[PDB]
Every structure is written in structure tokens, then in C-alpha cells.
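Peer 1: mind folding the following:
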Amino acid sequence: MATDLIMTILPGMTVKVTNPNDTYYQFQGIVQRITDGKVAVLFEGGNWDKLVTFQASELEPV
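Peer 2: Numbers count the residues shown, from 1 in each chain. There you are, the coordinates:
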């Protein structure tokens, strides 16, 4: 236990925003894409989509 896996983030997982400096702190969305150092998270309602990019260390799987 010198080496410990802390978390894995994959498309399709539900994630929460865990950075208390970010305006979306505590909100939950679904991971859509991981690319170029960013995690793209989707929030959706009736007839709208919003895609927001975070750094991995700002998120946690739920």
C-alpha cells in the first residue's frame, strides 16, 4: 500500500463537483468525454444541454 488507486473517472459515470472555489460546488452531472487534460460533464433539462469542462481533481464519482 505504498501505491494506492484513489479514483477512476470514465464516460457515463455520475460525478459531483468537489472544489469549494468553483460555482458548481456539489452539483452532479454525467461525464460525456475525457480529452486533452479536461473532463467534459453534461447537465441536461427539458430541451436544453449544458457542457462544462473541469480538471479531474475538481470531481468525484458518486
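
Peer 1: what's the closest non-adjacent residue to residue 62?
Peer 2: Leaving aside its chain neighbours, residue 62 sits nearest to residue 14 (4.9 Å; criterion: C-beta to C-beta, 6 or more residues apart in numbering). The way it works is simple: take the backbone N, C-alpha and C, and place the C-beta from them, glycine included.

Peer 1: is it correct that that neighbour is in contact with residue 28?
Peer 2: Yes: with contact defined as C-beta atoms under 8 Å, residue 14 reaches residue 28; the gap is 5.8 Å.

Peer 1: give me the common contacts of those two.
Peer 2: Shared contacts of residue 14 and residue 28, defined by C-beta atoms under 8 Å, 6 or more residues apart in numbering, comprise residue 62.

Peer 1: show me where this structure has strands.
Peer 2: Secondary structure of the chain (DSSP state E): strands at 14-17, 28-35, 38-45, 48-54, 59-61.

Peer 1: for those strands, give me CSV that also has distance to residue 1 and mean neighbour count.
Peer 2: Output for the strands of the chain, formatted as CSV (distance: least, C-beta to C-beta, whole Å; neighbours: other C-beta atoms under 10 Å):
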stretch, distance to residue 1, mean neighbour count
strand 14-17, 26, 17
strand 28-35, 27, 14
strand 38-45, 27, 15
strand 48-54, 29, 12
strand 59-61, 21, 16
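
Peer 1: turn those into TSV, including distance to residue 6.
Peer 2: Shown next, in TSV, are those (distance: least, C-beta to C-beta, whole Å):
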stretch	distance to residue 6
strand 14-17	14
strand 28-35	16
strand 38-45	15
strand 48-54	16
strand 59-61	10
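
Peer 1: of all the ones you listed, which lies closest to residue 4?
Peer 2: Closest to residue 4 of the strands of the chain, according to C-beta to C-beta: strand 59-61, at 15.6 Å.
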